[PDB]
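These notes are about the structure you will find just below.
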Amino acid sequence: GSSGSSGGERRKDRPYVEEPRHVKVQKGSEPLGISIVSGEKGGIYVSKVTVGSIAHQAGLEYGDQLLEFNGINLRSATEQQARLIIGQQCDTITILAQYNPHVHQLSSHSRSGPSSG
């Protein structure tokens, strides 16, 4: 037979990287309001976080690599999906972030105005 179970083992080993955390979000029939970007051979990364929006309230910031969204796997989730997964409809949703001291970049937007639409 079989059912399922999990377990770990805490040892005196370096943390390597700031362990993952679970940030709760109190949407309440509202959007998150955050930008995400996909990496060549990586995962999803916060590109921005509207201030005053759910996210903000939750306390989300840029660089915070989204590991899992309410369970979903962002590691595989694409920018188009992440932009949706996060833009879902859930009164209360959680996020599994994990600050990574290896994402210090910056870039400027493209030159354009109110075009295309």
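Below, the figures for the structure above:
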quantity: Built amide H within the under 5 Å cut-off of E68, gap 5+; calculated: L74, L96
quantity: HN-Hα J in Hz across segment 2-11 - Karplus 6.51, -1.76, 1.60, θ = phi - 60°, x for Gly and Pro; calculated: 6, 9, x, 5, 9, x, x, 7, 7, 10
quantity: Cβ-based charge dipole, the chain, positive-most Cα from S2, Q26, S116; calculated: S2
quantity: Sequence-distant residues sharing a close amide H with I34 (under 5 Å, placed H); calculated: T50
quantity: The chain, relative contact order in percent, only Cα pairs under 8 angstrom and at least six apart counted; calculated: 31
quantity: Range of Cα positions in the chain per principal axis (Å), largest first; calculated: 59, 33, 29
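A quick note on method: Cβ atoms are made from the backbone with ideal geometry, for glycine too, and the neighbour counts reach across all protein chains shown. Only the coordinates and a few stated rules stand behind these numbers; no lab work does.
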